[PDB]
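Coming up are structure 1 and structure 2: the same protein chain in two forms, each one given alone as structure tokens.
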Structure 1
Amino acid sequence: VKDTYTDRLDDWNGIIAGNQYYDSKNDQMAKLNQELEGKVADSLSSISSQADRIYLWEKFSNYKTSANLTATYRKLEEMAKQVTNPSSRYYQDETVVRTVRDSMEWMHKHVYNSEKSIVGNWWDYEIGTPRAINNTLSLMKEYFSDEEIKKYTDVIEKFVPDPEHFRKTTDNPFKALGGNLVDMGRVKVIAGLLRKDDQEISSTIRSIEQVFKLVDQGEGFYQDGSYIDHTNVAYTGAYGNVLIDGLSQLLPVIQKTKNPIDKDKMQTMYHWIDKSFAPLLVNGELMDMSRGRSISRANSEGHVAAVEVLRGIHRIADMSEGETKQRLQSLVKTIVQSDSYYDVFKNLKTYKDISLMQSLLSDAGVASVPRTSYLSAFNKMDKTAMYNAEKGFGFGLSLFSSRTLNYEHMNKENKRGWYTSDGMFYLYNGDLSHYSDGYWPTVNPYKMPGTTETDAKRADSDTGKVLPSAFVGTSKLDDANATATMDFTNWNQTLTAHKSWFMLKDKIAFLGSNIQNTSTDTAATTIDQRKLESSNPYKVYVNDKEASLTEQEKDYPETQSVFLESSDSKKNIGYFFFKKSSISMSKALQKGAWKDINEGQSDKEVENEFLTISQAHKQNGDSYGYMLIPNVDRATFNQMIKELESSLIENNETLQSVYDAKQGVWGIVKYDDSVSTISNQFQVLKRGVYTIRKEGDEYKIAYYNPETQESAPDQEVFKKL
């Protein structure tokens, strides 16, 4: 019968299938459909149409392998989508309808029911299979009796009776938290409706609400926008993804129920979008430092992953109403339009999503202006993201500490991310493809950009750990100026070094001191390992004289600066050394296959050319000091190098500081509570991080103690002279 429940199921259908939105007029939709058509075809031709069939399909015959149960039901779902798409050749095809109805019965009888026990992977019996069944039944609720629907969904309540636990039928049930909670909604909320059971519906939602909180310790979203999962790993870009992407999928339904979700919880979602996600998106790209082991998945590079997030943000905008709706539509649209490298539509798997995007993209009533500058200090996850709207570039600083793991290596994924958190920095510029197109399987992992390491070999079997020090953090003065530090010690404890970064509106200063080494291995810092474009070659200038780099390596003593020039200034990169340094450089072809960094990935050889710039550290107590200036031409780069003449205030074992005369801003890092005098203007008294701007005779002070994670009174840390 047609009631309020079916109303919710039609919305659900609208979100999963959306045959109502169909339009054979964009390769995207016609493709997806053209694909299912084929799939339903070979599925109907390969099915076992016998009276004593021992299974339904030979490719997924052995039902002791749970993956086979899930796959089987998924073909039925694919049949369910087409049989209800007016444009499909199988639209209302009695053979298909009969096939599903009969396939469901057979399965219910001989393979998946309340009588069986989990054999193989619980995930299949509890999430994978139940989903396919809900969507198949929801989609074809017009070809199924209510009585039948209860019958085929009884097994779901068997393996998944409680909206707070998974594996309640195994000898190790666990509490559903964060991400899996969305699956819980996908499995119970839906069957709740299918069964017209208000309690299951209300219970599940009440439980889904667990995730609508902000936290101050452990897994979850933080007030500064950080997001932690798997105990202490920064994960906004993957597990954070599935939370806003999957949840945006359920919300529309939840709200039109008798159990809407509190408005104070919705406003939190909003806080996540503006505080957690937005800042991690640069030029259609989701910054890798937040994606964890996902960087090693060939099918999930930066721009591709950015789409999971945006399509989620869009779902929220679509269901929001006031300004909120509009300001989010602008966010999605300006960001989508800023990505000239990746076709957003290649990663929109549902007709509704594709539809929503094509409408947004062509609505003029939705302003679409390039985003303004911003600087996020995700101190709760040791990462900083900077974006200068003026010159068009992004900056990612990837750290870790006693509160966070340096890198995740599990399930044979990200086998070589040893140093992607040992001070790694990301520069997002004119080349939107830099961190894609085989970057990960071909980049030299022993030389991650910005890190300080020894040439000791690392094992593919290693796993990450936390840092000994709690002294890692960032002080944000404004949206353009900030300072960060990391009391670094290497993975095997044979090297320490004070690493500091000074983000100053249109450039960042890199400082390292107290470099010590107790191993026999040689130590050096990677100034950069940049992935080059064959189309856009670079011309290199060392001390403003052109140089011809080698595959091998040339040493450049008394180096004052290095300039990587492009025919496009948005891709230009310059390096200024406050003190002439001895660096080495090279340019060579690096080959690697995704399998080397991820077992389940392709062994197909990949290759890219890279420009590597390094500085060796031969004696104890060494240091490095350079300013990275992106997006300006050689003449402007050479002028600015004349301006930052005395920008280096100090770089020693207790104090590191850079001064921007142009802005009247100081970036200071103190490792002790000694009295330090800066520019003969003031003194700073306490161990910590400062970012200071002189406003007339005043001084705006941003102070932060990374160990206690709190600020302090100006009197306590600063003194005018």
Structure 2
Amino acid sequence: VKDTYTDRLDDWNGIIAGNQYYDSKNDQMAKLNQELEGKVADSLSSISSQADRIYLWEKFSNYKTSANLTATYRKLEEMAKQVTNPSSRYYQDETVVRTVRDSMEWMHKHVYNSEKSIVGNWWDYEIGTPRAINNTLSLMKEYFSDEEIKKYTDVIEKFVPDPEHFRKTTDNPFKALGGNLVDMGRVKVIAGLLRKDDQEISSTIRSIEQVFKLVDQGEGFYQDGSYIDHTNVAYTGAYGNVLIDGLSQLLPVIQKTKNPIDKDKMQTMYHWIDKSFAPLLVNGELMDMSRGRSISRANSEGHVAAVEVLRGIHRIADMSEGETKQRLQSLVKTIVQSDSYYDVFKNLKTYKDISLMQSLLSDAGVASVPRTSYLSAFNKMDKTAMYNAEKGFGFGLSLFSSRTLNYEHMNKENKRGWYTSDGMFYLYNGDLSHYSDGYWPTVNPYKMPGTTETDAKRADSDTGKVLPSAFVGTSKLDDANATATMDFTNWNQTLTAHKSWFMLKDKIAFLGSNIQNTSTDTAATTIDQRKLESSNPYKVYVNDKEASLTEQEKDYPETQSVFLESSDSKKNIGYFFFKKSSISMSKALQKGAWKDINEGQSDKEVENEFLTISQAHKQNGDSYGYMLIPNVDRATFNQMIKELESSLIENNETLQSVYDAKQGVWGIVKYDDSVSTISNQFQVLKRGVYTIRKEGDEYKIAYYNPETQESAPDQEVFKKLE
């Protein structure tokens, strides 16, 4: 029956598919249409048309595997999209209409109904499938009776009757929050509209409002921009994605129901965008350190994942007004145009999303100015993101502590992320494809960049762990300078190291001290493991003399510097060792398959060439110290290392500090409360992290105690001499 409920469903259809905006003369849209045409065509030619079939699609036949249910229903949603698209060859096609109706009935009688119990993954039974069912019925509501719709959605009410909890029919339900809570809306709000159930709609919207509250513990968004999910995992880039992506779709519909959400409550959305999401986006790429186990998915590499956030932002901009709308449009525009590697349209899956992106990009009224420099210390999730606009490089520092899990391996995904948070670092430069094109299934998991580890074998069956120490954190001074440390202990408590980082605007110093090993395994710190481009080869220099790297590891004793020279300076990487160090390097083709790190992925062999730089630690009390200097040519790197000749102030078991004379900035990490005199100019008095700047006779201080997660009054930690 046509009423206010169907009106809302019409708006929903315009959002999830957008057929009403389709334009055959629009190349980007025609491209998505053809994709859907192909998908439906394939589904129609492989579906079982035999009586007494045991499945609809052979490749999704074993229904004891919950994933097959969601995949099956999603195939029906694709059909519903095309049968209602005037420009589709399947528009109002009698066979497709009957196929969708008959398929819904079959699955309802033999595979998914209220008389069933969760078998496999609860996610499919409560989120994946219900969403596919809602969208199918919503798109084809003019081909189904209200009774049939209520019939096919009853099962949704059986598995998800409570808008505040998930796994309600199991022996271990959980409180819905963040991304899941948004999906709860895409389940119960839509089902509610389909069932014309006001109570379900009102109660679900009320439950959804919890998402707008910032937290100070648990899952959710924090004031410092961090986003935690799954109890204690940094997850802005995956579950955070689902949250903004899904919520931006729902809001236009929710705000037109009899239970609209207060404007002041939704105000936090803008905080997420500016404080939580934006910093993790560099040249169109969403930083992998925030994507959890999703890094092990071939179809979700960095630039692809970024689009989920960008399209969410764009939708929010569209429902916003004036300056707020104007600036969000500019944010999306500048990020997209800075991405010369990935075509944003490849992940805009609805015509309205394509339309919005096109108008934004062609509207001269929307400014597209390169983003300025920034540095976000996401202490509540132990990650740090840095971007230098003048030089054009991004830097990501992935850590963990007693407050966060190192890596997430579940549902057979991300089997080898063991060391992705053990002081791992990311460098975002001219090569936007670096962490893409199969980086994850080909990178050597035992040598993640920046990490200090023993070479003991690791089991894929292992799961994440929290760190024994709480002494992990970043002290930020300004948009270009910050200091961080990690009181590191490896997975089996056989190795330790005081690892610290000194972010000094256009370079980052890496210092490690108190390195100890109690095992029989060899210990080493991976200085880098950079994925190469066959089109842009690097010329390697050691102590400024060209070197020839081979697959076989070569040792370089008494090394003062290493320089990776590209034809594009924005891809150059230099390493300056404060004190001559013994390192080894090699360039080798590494092979692997996505299935190796994610059971549900392809076993197709992938290959990439990598340049690995390492420093062995054969004695207790060992250390390392070097400055990472990117985006400068060879002569400029050589000049810079001369300026930094005496930048290392100290690197021992209780004190680590680097000084940038040009800036007048000090980065300092103290492991105890002894009085530390620095450069005969001042004293720092407490255990913690410092970033200090001298401006004449003045001193600007940024102190952070990572264990108590508090700063402190200046006189408690700093004292000027004389």
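Here, rigid core means the biggest group of C-alpha atoms that superpose within 1.5 Å across both forms. Residue numbering: sequential along structure 1, first residue numbered 1.
- Look at the two-part rigid motion between the two structures: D42 and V233 go with different halves.
- Comparing the two forms between the two structures, the rotation angle of the smaller rigid part against the larger comes to 15°.
- If you overlay the core, the Cα of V187 moves by 2.8 Å between the two structures.
- Taking the core as the fixed frame between the two structures, we note the C-alpha of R167 moving 5.1 angstrom.
- Core superposition places the C-alpha of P557 0.2 Å apart between the two structures.
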